[PDB]
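Protein chains in written order, with the UniProt record's numbering: chain A, 1 to 33, 48 to 113; chain B, 79 to 192; chain C, 1 to 76, 123 to 175; chain D, 1 to 201, 217 to 318; chain E, 32 to 144; chain F, 1 to 98; chain G, 1 to 347; chain H, 1 to 70; chain I, 2 to 84; chain J, 2 to 106.
Don't be surprised by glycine CBs; every beta carbon is placed ideally from N, CA and C.
First comes the structure, then the notes that go with it.
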Amino acid sequence: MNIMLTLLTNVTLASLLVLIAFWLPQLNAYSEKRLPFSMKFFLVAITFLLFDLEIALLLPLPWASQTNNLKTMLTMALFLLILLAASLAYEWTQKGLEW
Amino acid sequence: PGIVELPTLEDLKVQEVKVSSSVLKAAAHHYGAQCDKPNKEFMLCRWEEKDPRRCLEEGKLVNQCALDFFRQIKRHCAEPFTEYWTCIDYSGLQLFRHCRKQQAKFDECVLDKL
Amino acid sequence: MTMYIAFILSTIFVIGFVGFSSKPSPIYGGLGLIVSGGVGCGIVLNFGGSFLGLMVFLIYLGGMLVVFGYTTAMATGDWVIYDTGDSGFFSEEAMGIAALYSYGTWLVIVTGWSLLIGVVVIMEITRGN
Amino acid sequence: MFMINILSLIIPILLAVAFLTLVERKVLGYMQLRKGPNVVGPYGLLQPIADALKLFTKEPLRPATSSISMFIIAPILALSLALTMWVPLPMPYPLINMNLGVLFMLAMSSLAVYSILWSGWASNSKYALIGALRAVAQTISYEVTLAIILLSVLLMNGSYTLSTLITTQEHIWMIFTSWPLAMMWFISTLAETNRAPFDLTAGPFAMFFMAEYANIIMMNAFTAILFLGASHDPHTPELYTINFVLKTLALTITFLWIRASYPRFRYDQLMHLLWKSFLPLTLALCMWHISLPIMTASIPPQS
Amino acid sequence: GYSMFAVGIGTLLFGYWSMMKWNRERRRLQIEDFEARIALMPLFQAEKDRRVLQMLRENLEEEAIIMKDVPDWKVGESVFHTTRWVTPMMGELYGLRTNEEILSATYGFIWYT
Amino acid sequence: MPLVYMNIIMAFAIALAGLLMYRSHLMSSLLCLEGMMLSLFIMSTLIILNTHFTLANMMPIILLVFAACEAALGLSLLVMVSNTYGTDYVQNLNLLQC
Amino acid sequence: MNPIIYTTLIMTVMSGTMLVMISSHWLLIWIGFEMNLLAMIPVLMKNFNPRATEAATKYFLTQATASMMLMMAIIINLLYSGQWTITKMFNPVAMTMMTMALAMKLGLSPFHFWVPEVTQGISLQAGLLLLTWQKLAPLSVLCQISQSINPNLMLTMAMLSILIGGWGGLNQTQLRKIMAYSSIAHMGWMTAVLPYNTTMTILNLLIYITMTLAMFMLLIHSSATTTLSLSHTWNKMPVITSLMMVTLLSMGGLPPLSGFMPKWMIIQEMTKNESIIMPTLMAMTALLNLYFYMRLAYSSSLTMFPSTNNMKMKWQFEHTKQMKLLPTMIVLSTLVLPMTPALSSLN
Amino acid sequence: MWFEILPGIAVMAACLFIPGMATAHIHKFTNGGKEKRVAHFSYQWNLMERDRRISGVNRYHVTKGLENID
Amino acid sequence: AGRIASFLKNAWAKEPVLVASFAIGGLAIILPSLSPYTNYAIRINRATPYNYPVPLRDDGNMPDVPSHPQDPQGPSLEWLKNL
Amino acid sequence: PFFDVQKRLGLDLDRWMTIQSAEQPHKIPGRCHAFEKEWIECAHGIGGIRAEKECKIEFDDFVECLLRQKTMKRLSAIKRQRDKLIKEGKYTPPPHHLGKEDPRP
Ligand SMILES: CCCCCCCCCCCCCCCCC[C@@H](O)O[C@H](CO[C@H](O)CCCCCCCCCCCCCCC)COP(=O)(O)OCC[N+](C)(C)C
Ligand SMILES: CCCCCCCCCCCCCCCCC[C@@H](O)O[C@H](CO[C@H](O)CCCCCCCCCCCCCCC)COP(=O)(O)OCC[N+](C)(C)C
Ligand SMILES: CCCCCCCC/C=C\CCCCCCCC(=O)OC[C@H](COP(=O)(O)OCCN)OC(=O)CCCCCCC/C=C\CCCCCCCC
Ligand SMILES: CCCCCCCC/C=C\CCCCCCCC(=O)O[C@H](COC(=O)CCCCCCC/C=C/CCCCCCCC)COP(=O)(O)OCCN
């Protein structure tokens with residue numbers, strides 16, 4: 001209720017200000033007179063996406079540290095980070111991060 | 079399939095503990111130290127019976143014992159307790175650390191008195 | 001009742017799915033899917049799934065609808127089923143999600159292997175030649 | 001009185017942006033052995049008002065063939081996100097108290113690229129689209145390391161609650177526990193807002224400008240709360256408010272200083288900077304900050 | 032060269048030690064809060080059971096009043112074969128009550144920020 | 001099964017039908033799979049939260065991740081097809097026939 | 001590609017299939033399917049050409065739609081019973097969703113349209129992999145939940161698959177499309193006995209895999225993908241054409257060849273359940289598969305087609321690379337009928 | 001000199017003072033002169049609901065002390 | 002030895018970021034297995050009561066189980082306090 | 002088909018996640034945990050056919066707890082009859098159901 005109302009107020013103020021900005025100078029009359051598709055940008059977007067997926071898994075790490083199984087949790091967190099590093103290394107050594 | 083039996087409204091009438099959560103948090107440690115036996119009876123009955131309708135008299139007992147605890151507090155050191163709870167009530171997270179001095183005064187009063 | 005806010009959210013969800021399912025001007029379909037994702041995030045958050053709703057809204061929207069838009073630009123009854131008790135001094139959703147490392151070792155292993163293989167597969171497919 | 005609180009949060013932020021324009025001009029001028037605007041107003045104080053009035057009166061050049069819907073929506077989304085991301089922040093008491101406030105801020109930041117994408121696509125120009133694609137790629141690339149650094153730092157806070165950061169830093173600042181992560185975070189926040197040396201790119220133009228400067232102030236305040244924990248006394252929050260505001264102002268002036276001090280990168284050079292210097296160190300320090308509380312038996316409380 | 036790295040490592044170690052002490056203190060404070068909650072729990076459980084039973088009995092009485100004209104209705108009839116007590120559903124307690132407190136019990140914790 | 005579940009199910013059905021239409025623009029096909037997975041995530045999250053099944057709180061995120069990985073591959077495929085024709089039209093993929 | 005990457009992708013495909021086969025949780029089965037699909041695409045695109053890219057994108061679209069349908073079935077089954085274990089479904093709607101997802105993954109009619117095109121687009125080794133290894137996981141899942149399936153729907157799709165394979169193979173000159181239609185017909189034969197006996201399903205699967213491996217390795221050895229290209233093999237390798245003719249006779253179900261073992265057994269099993277009409281129609285329709293196998297045999301080994309002059313140079317060279325298991329595959333696909341009772345091993 | 005920059009900064013500082021302070025003051029006006037109670041984890045919410053019920057005026061912040069025990 | 006020293010000296014020049022990252026990651030992997038405070042962290046996590054401690058029904062054969070928290074028998078937290 | 006590697010090796014790769022009543026973290030209890038436990042204990046080792054025909058009572062209760070369809074039907078019937086009576090005017094809600102009661106802690 002509070003968050004929805006705050007969002008509505010923010011959007012309403014932004015809309016009001018943009019429309020008044022777009023219509024204040026409209027009252028007075030004036031004169032009123048390709049293909050390339052480079053492959054590297056798609057690859058950086060996909061790398062960001064793959065990395066983003068890895069980011070979600072860790073997200074729970076702050077809570078994962080209270081389990082009484084600290085050894086297993088530490089091992090799996092380090093495994094996830096090592097595999098993220100391995101993805102970065104593989105894309106590095108295969109000329110995936112070049113321009 | 080069957081009729082669910084419920085206690086009457088008279089069975090659920092009890093002399094209630096009408097103090098706020100700040101007062102309860104201020105008293106909680108000594109309350110757990112003093113009123114432990116009825117509380118454990120109630121909770122053991124509650125996890126064994128798995129039924130609220132089978133635990134009502136123990137709940138009445140814990141209410142009575144809490145009332146007795148607060149009557150003792152009221153009789154011997156009302157002022158020390160009031161100052162301590164004022165501090166607990168002020169904080170939004172109701173942290174014990176924020177008002178250590180008030181707690182210390184309260185602890186000394188109860189030991190001498192009770 | 002607030003005239004079944006969950007029901008109207010689900011109705012907006014269905015309306016948005018109808019909107020982008022006609023597939024007009026894939027940028028417009030993408031924007032319809034973004035609106036549908038926001039509404040579904042609102043549904044999950046209003047249900048009580050704060051972390052999962054924020055995961056939708058962050059990962060889903062900010063990463064992968066973003067990548068879809070990037071690639072496209074490069075080219076040419124409620125309130126009743128709910129509970130009665132409380133959770134304690136913690137949120138059950140966070141603990142269950144949090145439990146994957148302690149409990150879900152197998153899931154972590156298979157998911158990490160799949161993601162590494164996915165990186166390799168993407169690079170190999172886009173290699174060209 | 002929640003609406004009054006919302007207005008008292010929103011209006012001062014826009015006023016602060018308006019006068020941050022003047023502050024930046026005057027700071028750059030005095031760093032360049034000259035004066036800034038000192039004519040419009042007693043000390044240049046009327047300059048932002050004159051700029052706003054001139055911009056709001058000048059003709060808006062709509063491309064006359066561009067997508068009207070997105071051409072209007074992009075500044076709306078920019079302003080909405082810039083004003084929304086102030087809600088989560090605690091100064092000391094937050095307007096809205098969120099359990100996962102940090103995650104909410106991250107999600108808003110992730111959304112912020114849609115305005116860039118839509119404004120670039122609407123312009124109906126190949127060159128503008130190329131520039132927008134550059135900007136989007138840089139923004140997503142750096143938000144990766146922003147997220148990783150953020151979780152590595154929060155592994156010492158105990159949760160995603162922004163208020164708990166005040167409790168974490170009651171004795172010492174988080175800058176001393178992890179300065180390298182703070183350095184990389186500062187550079188990534190520079191890159192995220194497209195500020196120099198990473199600045200490779217009527218009404219709606221002013222709207223975008225306001226959104227960008229609001230994000231600048233917001234990011235600096237977030238850094239101040241995250242790494243320079245001000246002491247908070249529950250019976251006098253004005254001390255915390257003043258201290259936090261001073262630290263935010265110092266960080267904003269540091270952005271201005273960095274703008275006035277350095278040349279700018281190439282696109283491939285900043286891509287390489289990130290993907291080959293920050294991400295490896297970020298992953299290594301993420302492992303280190305996962306291991307450290309367990310090694311030293313210093314795990315934060317909340318679960 | 033060596034001095035700058037040494038300064039960095041030294042301040043890192045100082046921060047690590049300080050936060051070790053502070054986080055252990057925070058753990059002890061959290062354990063104290065949990066102990067207070069544990070001490071207070073039985074009274075809250077008793078009150079919760081008694082409140083739920085009262086609401087169920089009130090709903091049963093109102094059902095007895097209302098259903099007097101329905102032919103095949105049985106007042107207070109379970110839908111489960113088992114005689115075991117089942118935790119009541121949220122619609123069972125606030126079904127006949129006013130909208131404001133229904134929305135309260137449903138979304139008060141979710142919407143409270 | 002209340003009305004919210006049926007709304008999410010019919011959303012999934014609408015997305016599946018839209019995918020099976022294929023007017024043009026294989027990007028739209030990917031978008032339809034994407035809406036399908038989003039509906040799956042929403043309904044699985046609702047079911048798991050309602051029943052208080054604590055452990056399966058993992059599986060929505062996992063689902064997302066895996067589906068998202070799939071999306072990446074699809075995009076790659078789309079891109080490569082465009083590299084052959086200059087457009088992602090569905091009707092260009094008629095070299096192989098029954 | 002790099003041999004290391006190729007081996008990694010092959011083991012990832014096998015690990016996905018294995019994950020599907022050994023798990024008891026529906027989420028893990030779905031994950032195994034996802035892993036298999038993810039690692040399968042580069043194998044189909046190992047040799048780069050537009051046709052292979054088209055085949056891979058069609059295969060991905062089909063398999064991703066099937067995976068989404070399968071996850072929908074899983075979630076509905078969870079909704080009507082909070083169970084994650086792969087067992088009887090407990091929901092009529094969920095079972096249908098699951099059956100259609102697995103039929104789409106297998107290529108059963110009316111979801112058969114992708115198989116001929118994908119097989120034609122990809123190379124011969126990719127086709128061997130696609131038609132042999134990619135049927136294990138869906139069929140294993142079907143075997144696990146066979147007590148749930150509606151016999152009407154499964155039998156309808158089985159008969160449709162047999163009819164479609166028989167009719168579609170009659171019109172083909174390309175060898176890969178012939179193999180695809182043959183695989184569709186054999187899948188139809190396999191899925192018609194799931195409601196009654198999963199052991200017969202597994203026996204048919206094993207026999208079909210053996211024959212398909214032999215036929216694909218023979219087609220790779222004599223590097224032909226058309227009828228006329230295969231018609232030249234007698235002028236260089238007549239023994240290969242003879243072995244191919246015997247294998248084709250076996251694939252048509254003639255006794256005393258190995259290919260007679262499944263259908264016979266399946267027919268026998270279906271008779272124990274008072275099902276008479278359906279096996280009769282299945283055999284009559286399999287006569288079509290036999291017809292186009294016989295046409296291939298006529299064009300390859302039973303008659304001598306004209307050759308070219310450059311073939312003389314090919315007379316001076318021998319194969320550098322050999323399949324070790326090709327003789328064993330041929331023998332197991334032609335001469336194992338006397339060992340039929342060994343099917344009690346629950347293969 | 002350089003202090004010519006100070007005026008505008010001061011103004012900006014004031015604009016950054018308004019939100020924080022305002023919230024604090026409002027959090028005292030709407031919560032009876034105390035900090036606004038924070039409710040994570042649903043146990044603090046239960047405590048707030050109990051206080052709201054036992055207040056007798058339908059406001060949780062009104063605290064019933066030891067004088068209410070009779 | 003000598004070749005390893007040459008390689009490390011050559012990498013420490015012109016690639017210091019990678020050397021630092023690999024060293025920090027290796028330390029993060031190795032050090033936890035040797036620290037004596039990891040078991041202390043596990044014990045601290047075990048001592049955090051999130052749930053109500055359900056009492057056990059006394060049957061006359063439970064000497065190690067306390068009847069009251071103040072009783073000497075039962076787990077103590079003096080090691081935690083001294084930390 | 003199903004190769005039960007976990008049973009042969011005693012691994013427990015994914016069985017921890019299959020049912021509601023299997024050792025949730027922090028001993029959190031599932032809403033339908035009691036019903037599922039009874040259904041499982043009824044049907045253990047008996048086999049699928051006999052479990053489906055003989056443990057139908059427990060599964061029906063478990064299903065009811067999971068979806069609460071019959072409870073919805075009963076509540077809707079009560080609300081609809083109450084609405085009919087209040088529209089006719091021969092029934093009046095008590096002060097408890099109008100928010101005029103005396104709340105209890
Ligand atoms: C034995 C057969 C070996 C050859 C076959 C290998 C097959 C492929 C390899 C992957 C399978 C590895 C098996 C691991 C299964 C996990 C379950 C088991 O190991 O126990 C876990 C032990 O986890 C340990 O951390 C094992 C660590 C192993 C994972 C790290 C590296 C794995 C890499 C394997 C392949 C990944 C990709 C390739 C990398 C090169 C659970 O620990 P615990 O907490 O007590 O119990 C939880 C239940 N509680 C909550 C009630 C207490
Ligand atoms: C056409 C010829 C095909 C030949 C097949 C390939 C031959 C090479 C195989 C190499 C040796 C295979 C033996 C495997 C070693 C251990 C076996 C163990 O792991 O599996 C057991 C069982 O192993 C196999 O069942 C036995 C395979 C034997 C296949 C031969 C029968 C084929 C029909 C007769 C045709 C003539 C073939 C003989 C000439 C070579 C237990 O299985 P179980 O976990 O409990 O349940 C899974 C099966 N269910 C689901 C159906 C119940
Ligand atoms: C809030 C705090 C803010 C702190 C930062 C304030 C900024 C001060 C003003 C300067 C910033 C100006 C911004 C301009 C951008 C500068 C970015 C930059 O150039 O960094 C690049 C730079 C190197 O790149 P190149 O020189 O181009 O060559 C690499 C290819 N061979 O990248 C880096 O080095 C990033 C490193 C960040 C700091 C990390 C250093 C830590 C190393 C040792 C730490 C050890 C701790 C481990 C635990 C100890 C256990 C024993
Ligand atoms: C066991 C710990 C593992 C986890 C820690 C790692 C986490 C994150 C770090 C890894 C990220 C991925 C790394 C990918 C490696 C690719 C490097 C590379 O290819 O760069 C080479 C050059 O870099 C190299 O030389 C390869 C690595 C060099 C060695 C780096 C450190 C290795 C280990 C040193 C310390 C080991 C442990 C401590 C020893 C010191 C004493 C304590 C070429 O550079 P370009 O930019 O492409 O072009 C420049 C030429 N024009």
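{"Asked": "Residues near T85 of chain G in its chain [Cβ-Cβ closer than 8 Å; skip 5 each side]", "Found": "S24, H25 and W26"}
{"Asked": "Proximity of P26 of chain C and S28 of chain F at Cβ, strictly below 8 Å", "Found": "yes"}
{"Asked": "CB of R58 of chain E within 8 Å of CB of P316 of chain D, strictly", "Found": "yes"}
{"Asked": "Outcome for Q316 of chain G when other beta-carbon atoms lying within 10 angstroms are tallied against a minimum of 16", "Found": "exposed"}
{"Asked": "Option nearest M157 of chain G by Cα separation, candidates G:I207, G:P138, G:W189 and G:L130", "Found": "G:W189"}
{"Asked": "Listed by chain order, chain C residues near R32 of chain J by CB distance under 7 Å", "Found": "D129"}
{"Asked": "Secondary structure of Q134 of chain G, DSSP reduced to three states", "Found": "helix"}
{"Asked": "Inter-residue spacing [alpha-carbon to alpha-carbon] between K71 of chain J and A78 of chain J", "Found": "11 Å"}
{"Asked": "Beta-carbon proximity check, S79 of chain A vs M87 of chain A, cutoff 8 Å", "Found": "yes"}
{"Asked": "Extent of the continuous alpha helix (DSSP H) run through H221 of chain G", "Found": "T198 to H221"}
{"Asked": "Per-residue DSSP class, three states only, for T226 of chain G", "Found": "strand"}
{"Asked": "N-terminal and C-terminal residue of the alpha helix (DSSP H) that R173 of chain C is part of", "Found": "Run containing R173 of chain C: none; DSSP gives neither H nor E here."}
{"Asked": "Sequence ranges, alpha helix (DSSP H) only - wholly within the stretch 64–94 of chain D, length at least 4", "Found": "68–84"}
{"Asked": "Limits of the unbroken alpha helix (DSSP H) element including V117 of chain E", "Found": "Run containing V117 of chain E: none; DSSP gives neither H nor E here."}
{"Asked": "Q70 of chain J - DSSP class collapsed to helix/strand/coil", "Found": "helix"}
{"Asked": "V66 of chain C CB to nearest heavy atom of ligand 4 below 7 Å", "Found": "no"}
{"Asked": "Per-residue burial, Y127 of chain D [other beta carbons within 10 Å of its own, 16 or more giving buried]", "Found": "exposed"}
{"Asked": "Reduced DSSP secondary structure (H/G/I, E/B, other) of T54 of chain F", "Found": "coil"}
{"Asked": "Neighbourhood of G123 of chain C by C-beta distance below 8 Å, restricted to the same chain and skipping five residues each side", "Found": "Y4 and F7"}
{"Asked": "Interface positions of the stretch 294–313 of chain D facing chain E (Cβ-Cβ less than 9 Å), listed along the chain", "Found": "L307, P308, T311, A312 and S313"}
{"Asked": "Listed by chain order, chain J residues near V83 of chain E by CB distance under 8 Å", "Found": "Correct list: empty, because the minimum Cβ distance to chain J is about 11 Å."}
{"Asked": "Under 9 Å (Cβ pairs) to chain C, residues found in the stretch 56–68 of chain H", "Found": "none"}
{"Asked": "Supposed contact pair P60 of chain D and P25 of chain A - C-beta distance, whole angstroms, cut 8 Å", "Found": "6 Å"}
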